[PDB]
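Novice:
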Amino acid sequence: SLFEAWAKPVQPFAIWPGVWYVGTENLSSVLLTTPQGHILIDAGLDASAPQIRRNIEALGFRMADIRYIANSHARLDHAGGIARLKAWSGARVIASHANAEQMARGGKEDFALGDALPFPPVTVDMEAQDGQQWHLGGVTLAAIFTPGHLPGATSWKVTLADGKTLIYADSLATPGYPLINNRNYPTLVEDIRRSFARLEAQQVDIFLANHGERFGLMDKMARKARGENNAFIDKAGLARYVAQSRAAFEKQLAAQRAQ
Ligand SMILES: [Zn+2]
Ligand SMILES: [Zn+2]
Ligand SMILES: [Zn+2]
Ligand SMILES: [Zn+2]
Ligand SMILES: [Zn+2]
Ligand SMILES: [Zn+2]
């Protein structure tokens, strides 16, 4: 029922020329539109897939014009709807190796959740490597591997046609994670530390994240509706996101080491 609250619909809107929000109240889904086809970053829950397509069409765009679907990490609140969106799309799915493996499993054998939260399996069509780039209609999409929350967690850097940089950040949360000598994910700590360094060295004009509460979705949305054209321009958003995630992580790790 917390996913129920996260999946409450929002009216789609423009974040920026060529950048559209088509997700829910707290589960992000971003459509990048170009004259050569579109990119969809993340999907949400399987139950929200009809709402996502519905949102895309309410903006005046066609599912058949979506060429790529990118995934941040392969859990149900972001990959759950990809299977059906892929089918309605004909699009090719992009994801890191570890995300591809988990998505083929339907979310099962999660290093922390086991088989607790499955979703429709997906076949990834294009395996993403760190720093790999895709070009479409003047837009560039680049993968930034940011593991920690999951072994394959991926952030996404978009260079828009107008030259401005967008960063779609994956989660860095580790609630309830065993951080010291984790049997199922032994490289977690070094992974998340490299992720902090990678993200904090990234310049950004438009800061987004796969959970709306973490980049002020509802506040920025209301502000833009009232006429603030640049409400989603947030050049300090990623630095603050990393600082607060790192602060919480180091406190959690310090507590785990103080047995
Ligand atoms: Zn997650
Ligand atoms: Zn989760
Ligand atoms: Zn999530
Ligand atoms: Zn692979
Ligand atoms: Zn494999
Ligand atoms: Zn199993």
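Residues in the sequence shown are numbered from 683 upward in steps of one, following my numbering. The beta carbon of each residue, even a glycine, is placed where N, CA and C say it ideally should be.
1. For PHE889, which of helix, strand or coil comes out of DSSP?
2. Bridge partners of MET808, per DSSP?
3. Can you check DSSP and say which residues form a bridge with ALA921?
4. Just the C-alpha distance for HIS817 and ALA825, rounded to the nearest angstrom, thanks.
5. So what does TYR850 bridge to, in DSSP terms?
6. Among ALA843, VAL924, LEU861 and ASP852, whose alpha-carbon lies nearest the alpha-carbon of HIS720?
7. Going by other Cβ atoms of all chains shown within 10 Å of its Cβ, with 16 needed for buried, is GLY830 buried or exposed?
8. Which residues have their C-beta within less than 5 Å of a heavy atom of ligand 6, listed in chain order?
9. Under a three-way DSSP split, which group does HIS760 fall into?
10. Run the CB neighbour count on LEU684, radius 10 Å, all protein chains shown included, and call it buried at 16 or more, exposed below.
11. Less than 9 Å separating the beta-carbons of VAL775 and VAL821?
12. Among the candidates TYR867, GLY894, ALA765 and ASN753, whose CA atom is the shortest distance from the CA of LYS690?
13. Taking 8 Å as the cut-off, is the beta-carbon of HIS779 closer than that to any non-hydrogen atom of ligand 4?
14. Would you kindly check if the distance between the Cβ of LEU823 and the Cβ of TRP838 is under 9 Å?
15. State yes or no: is the C-beta of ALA782 nearer than 8 Å to some heavy atom of ligand 4?
16. CA-CA distance, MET745 and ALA756?
17. Can we count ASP759 as close to ligand 3, meaning its CB is less than 8 Å from some heavy atom?
18. Rounded to whole angstroms, what is the Cα-Cα separation between residue 943 and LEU799?
19. With respect to the beta strand (DSSP E) encompassing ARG749, which residues constitute its N-terminal and C-terminal limits?
20. For the alpha helix (DSSP H) holding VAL871, just list the boundary residues, first then last.
Specialist: Taking the structure as given:
1. Strand at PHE889.
2. Beta-bridge pairing links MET808 to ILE776.
3. DSSP lists no partner for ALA921.
4. Note on geometry: alpha-carbon atoms of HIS817 and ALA825 lie some 12 Å from one another.
5. As a beta-bridge residue in DSSP terms, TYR850 pairs with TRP838 and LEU890.
6. Residue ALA843 is the option with its Cα nearest to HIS720.
7. Burial call: buried.
8. Residues flagged by the Cβ proximity filter: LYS790 and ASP797.
9. The answer is helix: DSSP assigns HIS760 an H, G or I state.
10. By the 10 Å Cβ count, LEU684 comes out exposed.
11. In this structure, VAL821 does not lie closer than 9 Å to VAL775 by Cβ.
12. Minimum Cα-Cα distance from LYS690 among the listed residues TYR867, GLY894, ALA765 and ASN753 corresponds to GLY894.
13. Yes, Cβ of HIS779 sits closer than 8 Å to a heavy atom of ligand 4.
14. Cβ atoms of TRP838 and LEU823: closer than 9 Å.
15. The answer is yes for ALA782.
16. Annotation: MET745 to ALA756 spans about 22 Å, alpha carbon to alpha carbon.
17. If you check the C-beta of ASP759 against ligand 3, you find a heavy atom less than 8 Å away.
18. With the chain represented from 683 up to 941, any question about residue 943 goes unanswered, as that position is not in the structure.
19. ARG749 -> beta strand (DSSP E) spans 748-752.
20. That run of the alpha helix (DSSP H) goes 870-882.
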